[PDB]
Structures are given as structure tokens and as C-alpha cells.
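Participant: Structure below; questions to follow.
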Amino acid sequence: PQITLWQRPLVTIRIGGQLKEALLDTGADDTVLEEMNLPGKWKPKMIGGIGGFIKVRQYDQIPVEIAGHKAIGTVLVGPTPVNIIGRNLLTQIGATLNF
Amino acid sequence: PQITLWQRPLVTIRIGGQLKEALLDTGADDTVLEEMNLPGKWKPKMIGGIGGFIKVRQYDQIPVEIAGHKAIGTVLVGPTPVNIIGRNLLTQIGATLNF
Amino acid sequence: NXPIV
């Protein structure tokens, strides 16, 4: 579909059987979801942005459905205020910026 | 143009007569640039990112040319790891997300 | 405002 930017680009995603609301972010190198207990082995890591860095758990090869579109990749879980879908997953669903 | 997301969507912008590189950021409500001097008065403001809150200087009604397209809006100047063009200016140039 | 680097 085509999403205007008058409002935050929030969409419904599905991960770990759960349905969620996440922001489509072209400015995020990675996908970061708010605290959740996913079964699986993870590796610790740090990501930063405005304000500094936060510690997150890295999970690989997680199936994620973005608005009916399937994708699979690395998901970071941590103390983020919003669920964010980054480029690693947007490239998989063919998302482009147009103007 | 149509920009894919295999790489950070960085484009050249012109502001205050200067040329800069900035990230087209759908996950940012605001436009935040690394510290620079812009003409006109500014007001202290605070904004939040992934790592927390920072103090910024707010400049209103600043003309900015993004890849040739003109926009005139609020620009925040502060300690950001990268210059970002947020939704406040992306809507003026008619940027949309498509997949 | 989320870069996420």
C-alpha cells in the first residue's frame, strides 16, 4: 500500500504468535521491539540513537509478518518506548521511499 | 525518486546556504541536525530518541532544499549521531512509504 | 525520534 506521513507510520505486525503495532522506520538500521519473552537463544548487544545507547537482546531468524507480508530476520528486544521495524526487515517486503 | 532501503536513505540537503547529508527518517517526528549556526533566534527544547532525552535549539520557519524539493519548517539543532529529516519536512515534499 | 544505529 501507500502510507502518507501526516501521522506516524504505525502498522500491525505479527511475531511469536502475537499481533503488535510497530512504526515503519527508514531511519533504523535494525528492528527493535519492546520487552517480550521470546523463546530462543540470544546474544547481548548495544544500539544507540538520540539520547545514547540501550542494551538489547539479539534474536536471529525470527519470522515477522508486516501487514500481510512475510519477512524473517534479526530482532532486538529491549527497553524501547515503541516497536520499530527497521531496514533489515523493510528491504524484505520491498518497501521504498517515494517523492 | 524511489529509494530502496539496502543502504541508509541519505540525501544531500541545502540549508543556510550550506550543503549537508541527512537521513530521510520516517520514524522521526522532527528534523534534527548536528550542531551548526542558523540565522535567527532559537528556543531551548528537549526531544527524546531511543537512548533518552537531549536538549536542542529550535529554529522555526527555516527553508531547506531536500534533493531539489523545497520545504520551510522547524529545524532542531543538537547532539544527534546523524542529521535526520523527519516527518515535519517529509510531508511538505510529499514523501510516502510504498510496498 | 528514532535513528537506531
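Chains as they are written, first to last, in the numbering used here: chain E, 1 to 99; chain G, 100 to 198; chain Z, 199 to 203. Where a beta carbon is used, it is the ideal one built from N, C-alpha and C, also for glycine.
Could you please give me the residues that DSSP links to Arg57 (chain E) through a beta bridge?
Facilitator: Taking the first sequence and counting its residues from 1, one reaches residue 57 (chain E) at position 57. BP columns for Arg57 (chain E) point to E:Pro44, E:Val77.
Participant: Helix or strand or just coil, what does DSSP make of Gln117 (chain G)?
Facilitator: As a first step, residue 117 (chain G) must be located in the second sequence, where it is residue number 18. Three-state result, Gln117 (chain G): strand.
Participant: Work out the CA separation of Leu38 (chain E) and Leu19 (chain E) for me, nearest whole Å.
Facilitator: For the purposes of this step, residue 19 (chain E) is taken as residue 19 along the first sequence, with counting starting at 1. For the purposes of this step, residue 38 (chain E) is taken as residue 38 along the first sequence, with counting starting at 1. Distance between the alpha carbons of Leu19 (chain E) and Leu38 (chain E) is about 14 Å.
Participant: Helix, strand or coil: how does DSSP classify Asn83 (chain E) here?
Facilitator: Counting from 1 along the first sequence, the entry for residue 83 (chain E) is found at position 83. Residue state, collapsed to three classes: coil.
Participant: Considering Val32 (chain E), what are the terminal residues of the beta strand (DSSP E) in which it resides?
Facilitator: Residue 32 (chain E) sits at position 32 when you count from the first residue of the first sequence. Taken as a continuous stretch (DSSP letters only), the beta strand (DSSP E) holding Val32 (chain E) covers 32-34.
Participant: Identify whether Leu189 (chain G) lies in helix, strand or coil by the three-state DSSP scheme.
Facilitator: As a position in the second sequence, residue 189 (chain G) is number 90, starting the count at 1. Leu189 (chain G) falls in the helix class under three-state DSSP.
Participant: Less than 8 Å between CB atoms is the rule here; does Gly172 (chain G) satisfy it with respect to chain E?
Facilitator: Taking the first residue of the second sequence as position 1, residue 172 (chain G) is located at position 73. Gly172 (chain G) does not count as touching chain E.
Participant: Please list the residues of the region 152-169 of chain G that have a C-beta atom closer than 8 Å to any C-beta atom in chain E, keeping them in chain order.
Facilitator: Result list: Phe152, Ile153, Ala166, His168.
Participant: Spatial neighbours of residue 68 (chain G) within its chain, please: CB distance less than 7 Å, with the 5 preceding and 5 following residues excluded, ordered by chain position.
Facilitator: One cannot answer for residue 68 (chain G) here, as it falls past the ends of chain G, which runs 100 to 198.
Participant: Got a sec? Which residues, its chain only, sit under 6 Å from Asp60 (chain E) by beta carbon, not counting five neighbours each side?
Facilitator: Stepping through the first sequence from its first residue, residue 60 (chain E) is reached at position 60. Same-chain partners within the cutoff: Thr74.
Participant: With a threshold of 8 Å between beta carbons, is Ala22 (chain E) in contact with chain Z?
Facilitator: As a first step, residue 22 (chain E) must be located in the first sequence, where it is residue number 22. Output row for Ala22 (chain E): interface = no.
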